[PDB]
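So the structure is just underneath, and the comments pick up after that.
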Amino acid sequence: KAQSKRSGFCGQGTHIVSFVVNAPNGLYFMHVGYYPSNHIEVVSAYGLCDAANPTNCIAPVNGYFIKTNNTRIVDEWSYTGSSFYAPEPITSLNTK
Amino acid sequence: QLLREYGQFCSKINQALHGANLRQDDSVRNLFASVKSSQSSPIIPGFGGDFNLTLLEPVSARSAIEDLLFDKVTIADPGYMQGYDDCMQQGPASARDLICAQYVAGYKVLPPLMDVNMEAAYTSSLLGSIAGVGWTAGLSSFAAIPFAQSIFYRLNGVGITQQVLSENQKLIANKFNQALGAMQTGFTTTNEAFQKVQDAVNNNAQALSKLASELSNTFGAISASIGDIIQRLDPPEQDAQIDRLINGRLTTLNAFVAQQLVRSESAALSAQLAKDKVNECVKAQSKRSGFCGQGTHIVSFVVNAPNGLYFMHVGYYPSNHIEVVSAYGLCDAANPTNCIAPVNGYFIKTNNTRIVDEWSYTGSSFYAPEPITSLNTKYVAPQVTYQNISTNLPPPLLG
Amino acid sequence: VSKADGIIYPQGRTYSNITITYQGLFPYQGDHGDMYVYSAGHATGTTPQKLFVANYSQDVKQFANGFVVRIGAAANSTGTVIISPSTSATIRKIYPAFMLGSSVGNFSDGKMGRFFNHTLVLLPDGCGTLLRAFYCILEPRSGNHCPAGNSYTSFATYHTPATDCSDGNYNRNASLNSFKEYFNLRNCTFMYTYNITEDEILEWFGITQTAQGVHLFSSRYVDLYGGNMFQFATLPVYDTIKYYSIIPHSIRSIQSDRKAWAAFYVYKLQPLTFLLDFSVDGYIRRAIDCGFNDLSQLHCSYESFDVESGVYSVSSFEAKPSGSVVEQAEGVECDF
Amino acid sequence: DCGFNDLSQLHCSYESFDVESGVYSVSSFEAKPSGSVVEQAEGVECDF
Amino acid sequence: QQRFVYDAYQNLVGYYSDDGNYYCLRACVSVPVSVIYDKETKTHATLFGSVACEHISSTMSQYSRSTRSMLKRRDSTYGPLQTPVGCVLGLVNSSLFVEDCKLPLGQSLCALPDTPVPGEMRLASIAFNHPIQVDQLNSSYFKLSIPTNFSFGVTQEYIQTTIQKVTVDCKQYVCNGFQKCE
């Protein structure tokens with residue numbers, strides 16, 4: 001009926017969708033799961049604060065702030081989704 | 001020759017035991033694969049920082065608390081390597097040792113599928129993963145962070161404010177260490193969990209004891225030994241006496257097989273619960289109350305036990321409760337539509353060093369008056385219950 | 001056991017396309033057995049000087065539960081004649097002769113192999129055309145080289161291929177007359193003759209004793225090619241048979257022309273539980289002996305010729321006592 | 001009387017004059033033998 | 001004064017001899033035997049329980065059991081190898097590490113059959129699968145391990161919900177429809 005946040009209760013990996021078909025003595029369940037691969041290690045920061053305003057600070061939502069040295073200035077900070085690695089410009093929508 | 005006419009009855013007993021043992025091996029393989037974490041941080045001396053969890057660290061391969069738990073349990077361990085040679089000498093028998101008795105009886109205890117070092121390696125990998133699980137839904141992503149940072153994020157989740165955590169960081173570490181110190185003296189007859197571990201060992205010992213006792217028991221014969229009846233009895237009478245002993249021994253083996261099958265089914269269901277507990281509590285903080293530990297669960301540590309997995313759950317316990325006046329929401333008198341509601345907190349009056357009817361924000365888990373701010377407040381539709389303030393408006397309500 | 005050598009088919013019933021565990025008299029797996037050879041007699045071109053025989057007649061063996069005999073195991077093959085090592089002749093099937101006695105006695109000269117009044121004698125005749133079984137109590141005859149006679153060496157049976165064995169007719173008393181010369185026949189009881197067809201195909205013969213009577217099993221009657229043994233004859237012998245002997249046979253062939261004779265192997269029968277596989281035709285193509293090895297015990301346990309991969313507990317070895325110790329209060333000593 | 005009918009057999013089984021609504025298995029009919037066939041060895045009689 | 005000494009289970013455990021030396025009594029102990037067999041390669045190896053191999057011998061003349069003969073152990077006929085599970089015959093240590101094995105011997109051990117004539121099975125040890133290791137940085141910046149690739153996998157689970165419903169005619173089963181039995 002619904003995607004399950006709990007891991008391994010339905011299937012290995014991150015469960016996305018499940019389909020159930022009848023079986024001779026029971027119910028047969030097939031669970032589709034998301035499996036990560038080709039993991040890479042990158043430097044990340046817990047939060048970013050303006051030097052001029054210490055009080056003003058942002059924290060990533062469902063993501064990690066990551067340093068970008070590719071096709072960008074040194075010390076640039078970008079937002080990536082936790083599940084998949086994609087550098088993206090930091091925006092109000094992805095920050096709290 | 002009398003047993004040969006019985007034929008398959010002995011074979012069926014052997015086949016049932018063989019199937020149960022294979023099922024137990026499958027259960028061990030399934031449980032440990034779930035226990036293992038895809039990404040882990042290597043254990044280092046001082047792992048934990050201000051939090052002293054050195055009793056969880058492996059002594060250069062078991063942990064210190066795992067060794068203590070295995071030491072304080074009264075378990076007779078079969079040699080596995082040269083065990084038969086050790087029982088050849090034996091010396092004066094102590095408490096009818098089952099392992100030495102097993103060779104004479106013919107029953108044998110199979111070695112466990114995983115080595116003590118192998119099981120410890122799975123536990124060590126899990127311990128590294130807990131610190132770096134990742135606050136932002138990192139199910140497929142590992143963020144390597146200090147154990148101290150992970151504890152602060154969990155405490156923020158329970159509702160204690162970050163500012164209080166920074167002020168009491170030394171106090172929180174000291175209080176956590178005291179709870180961990182208690183675990184070392186925790187194992188005792190009074191402790192229920194320690195008793196459960198001893199009971200599981202006792203249940204296994206009873207089944208082996210029953211087999212040894214039944215051989216001593218004599219059913220409708222002058223002597224338990226087949227040879228002793230043969231020397232003292234004529235051949236026609238010998239067959240009847242031998243048959244009575246055979247029937248009793250076969251019945252005992254059938255009863256033992258049925259008991260083992262019942263025990264195996266219970267263990268398999270219990271193993272599934274242990275796998276669920278590892279994912280629900282050890283891997284992540286659990287919002288559900290009492291599923292893992294009493295109070296508000298923060299972190300869980302799991303160590304191997306003789307017949308199962310031993311889980312220690314750290315919990316947050318409230319004390320010195322006080323009663324304070326609180327408001328559902330605050331709205332500007334000038335603008336009725338504009339209203340604020342506390343997030344993970346309760347609005348409270350501030351009569352201390354402040355004007356009467358002043359409003360402050362406190363975290364739900366711990367009582368600390370704090371200035372109301374946009375971060376701790378969420379704008380909400382106006383309600384009759386919500387109070388209206390004509391003066392000293394908190395910044396969020398400032399039009 | 002894989003080729004089901006020396007397996008007696010259950011006489012009670014037939015089974016089709018099923019694998020079952022059956023308890024019956026069976027030979028041990030891997031048993032070499034006892035090998036007996038028959039050779040041509042010594043000859044000098046036109047006249048055979050004397051029979052050439054082994055000491056099988058002197059040897060006496062316990063009947064036990066009965067025995068199975070492999071006959072004509074090697075046929076139509078190059079072979080060396082026993083009497084002359086240099087001479088080489090094509091191997092031909094030969095039929096064994098058995099003398100079974102309830103009791104054993106010494107000979108007049110004290111030689112072994114003499115038997116008491118109750119004797120069962122089976123001898124092939126006419127180049128193996130027929131087999132005869134008779135109690136025929138044996139009485140020793142006094143003659144040169146005869147059992148009661150002086151200079152006795154051994155008792156044997158002989159046939160002449162030139163005269164006794166012919167395509168037109170086969171002498172059916174040649175072996176019987178040779179037996180008569182060594183032993184007189186007195187108070188003979190039942191006499192039974194069974195005709196045998198002539199071929200070089202391997203065949204199996206088994207004999208067992210039961211309360212109903214002595215039972216004779218021959219592969220040729222039902223499964224000659226298979227070698228499965230089915231009972232073909234019943235002998236009314238009620239005395240227990242405790243001993244049996246092999247009667248040596250010598251062929252009085254011309255020295256120039258001789259034929260090699262196939263050795264016959266005798267295997268003892270022991271009560272055993274055997275996994276038996278039955279074909280749609282119902283013959284036992286393959287069998288398994290649980291006693292021989294641990295893997296065979298597993299195959300019998302699961303009653304299948306195929307066992308899945310795994311580690312299986314098997315019967316444990318038991319320590320064997322080095323010596324016996326007796327301690328008791330002294331019997332006391334009589335005083336002189 | 002339990003023997004007369006299947007419903008009476010159910011009443012005797014539960015030892016109650018009232019039986020709850022349901023589907024209950026009852027004694028199965030057994031086919032009667034139509035005839036007798038005998039096959040014997042030709043002769044081979046015992047000698048008296 | 002009482003020469004015979006018995007345990008709680010009335011089994012003789014001690015005796016006083018006429019010589020006056022007390023002798024402890026131990027029942028003769030059997031040697032446990034188990035067989036490792038692979039159906040595909042038809043390779044068989046024997047593990048002698050927990051024995052240290054001093055007692056075991058290829059002839060096995062000292063120990064007598066119902067089974068007529070042991071495994072042939074022909075061809076290489078390698079000498080018995082002592083292992084943590086116990087003395088083993090037909091196994092040669094291969095120093096090989098396997099993530100998983102079809103046949104386990106115990107504690108970490110596997111018997112690997114040689115590919116097909118197939119050679120004697122080789123003793124092997126299971127190797128713990130090592131998770132990706134991410135170091136914790138001393139600096140405020142924290143190392144992060146994030147996947148650049150993704151895959152979809154289907155996990156199949158069967159949960160029995162029902163068992164066969166069987167109704168038995170007890171009277172017919174017990175009497176086989178015979179009036180005298182009824």
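In what follows, chains are A, B, ... by sequence order, proteins preceding strands, each numbered from 1.
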For residues [X] and [Y], is any side-chain donor paired with an opposing acceptor at under 3.5 Å?
| X | Y | answer |
| --- | --- | --- |
| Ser84(C) | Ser86(C) | yes |
| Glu181(C) | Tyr158(C) | yes |
| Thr273(C) | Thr21(C) | no |
| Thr67(E) | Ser315(C) | yes |
| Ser57(E) | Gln62(E) | yes |
| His215(C) | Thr208(C) | no |
| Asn55(C) | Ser154(C) | no |

Mark yes or no for whether [X], through its side chain, and [Y], through its backbone, hold a donor-acceptor pair below 3.5 Å.
| X | Y | result |
| --- | --- | --- |
| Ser175(C) | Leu123(C) | no |
| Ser39(C) | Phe52(C) | yes |
| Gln270(C) | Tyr28(C) | yes |
| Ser77(C) | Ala75(C) | yes |
| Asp234(B) | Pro236(B) | no |
| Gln238(B) | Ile230(B) | yes |
| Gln255(C) | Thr47(C) | no |
| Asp289(C) | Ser296(C) | no |
| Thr129(C) | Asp125(C) | yes |
| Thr193(C) | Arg132(C) | no |

Any chance the rings of [X] and [Y] have centres within less than 6.0 Å?
| X | Y | result |
| --- | --- | --- |
| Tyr267(C) | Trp204(C) | yes |
| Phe274(C) | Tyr22(C) | no |
| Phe232(C) | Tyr194(C) | yes |
| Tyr244(C) | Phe67(C) | yes |

Do NZ/NE/NH1/NH2 and the carboxylate oxygens of [X] and [Y] come within less than 4.0 Å?
| X | Y | result |
| --- | --- | --- |
| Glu139(C) | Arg186(C) | no |
| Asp34(C) | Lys61(C) | yes |
| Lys42(E) | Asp306(C) | no |
| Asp199(C) | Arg220(C) | yes |
| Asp277(C) | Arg285(C) | no |

Among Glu200(C), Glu203(C), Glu198(C), find the one that has a salt bridge (charged side-chain N to carboxylate O under 4.0 Å, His left out) with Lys93(C).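 Testing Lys93(C) for a salt bridge (charged side-chain N to carboxylate O under 4.0 Å, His left out) against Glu200(C), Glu203(C), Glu198(C) leaves exactly one candidate, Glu203(C).
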Taking the six-membered ring of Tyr182(C), is the NZ or CZ of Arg141(C) close enough (under 6.0 Å from the centre) and on axis enough (within 45°)?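 Pair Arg141(C)/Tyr182(C) does not count as cation-pi.
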Check whether NZ of the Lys or CZ of the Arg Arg68(E) lies under 6.0 Å from the centre of the six-membered ring of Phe292(C) and within 45 degrees of that ring's axis. no
Pairwise side-chain contact, [X] with [Y], heavy-atom cut-off 4.5 Å (strictly under):
| X | Y | value |
| --- | --- | --- |
| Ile284(C) | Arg286(C) | no |
| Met229(C) | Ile7(C) | no |
| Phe230(C) | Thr14(C) | no |
| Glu120(E) | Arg73(E) | yes |

By ring pair (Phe, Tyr, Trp, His ring centres under 6.0 Å), which residues pair with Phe179(C), not counting sequence neighbours?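 Listed in chain order: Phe183(C).
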Heavy-atom count around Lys3(C) NZ within 6.0 Å, excluding the residue itself: above 12? no
Within 6.0 angstrom of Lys320(C) NZ, more than 12 heavy atoms from elsewhere: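 Yes - once you tally the heavy atoms of other residues, nucleotides and ligands closer than 6.0 Å, there are more than 12.
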Nearest 0.5 Å please: distance from the [atom1] atom of [X] over to the [atom2] atom of [Y].
| X | Y | atom1 | atom2 | result |
| --- | --- | --- | --- | --- |
| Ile201(C) | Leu224(C) | CD1 | CG | 4.5 Å |
| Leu235(C) | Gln212(C) | CG | CD | 13.0 Å |
| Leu202(C) | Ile71(C) | CG | CD1 | 8.5 Å |
| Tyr170(C) | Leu130(C) | OH | CG | 12.0 Å |

Applying disulfide bond (SG atoms under 2.5 Å apart), name anything that partners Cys290(C), two or more places apart in sequence or on another chain.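 Once residues adjacent in sequence are excluded, the partners of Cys290(C) under the disulfide bond (SG atoms under 2.5 Å apart) criterion are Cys300(C).
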Counterpart residues, disulfide bond (SG atoms under 2.5 Å apart), relative to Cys188(C) (two or more places apart): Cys136(C)
Closest heavy-atom contact between [X] and [Y]?
| X | Y | answer |
| --- | --- | --- |
| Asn195(C) | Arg172(C) | OD1-NH2, 3.2 Å |
| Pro248(C) | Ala54(C) | CG-O, 4.4 Å |
| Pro113(E) | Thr43(E) | CB-OG1, 3.8 Å |

Aromatic ring pairing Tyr152(C)/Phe107(C), orientation class (parallel under 30°, perpendicular over 60°, tilted between):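 The rings of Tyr152(C) and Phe107(C) sit tilted, inter-plane angle from 30° to 60°.
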Pick one: which of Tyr38(C), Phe98(C), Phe264(C), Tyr36(C) meets ring-ring contact (aromatic ring centres under 6.0 Å, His included) with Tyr56(C)? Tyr36(C)
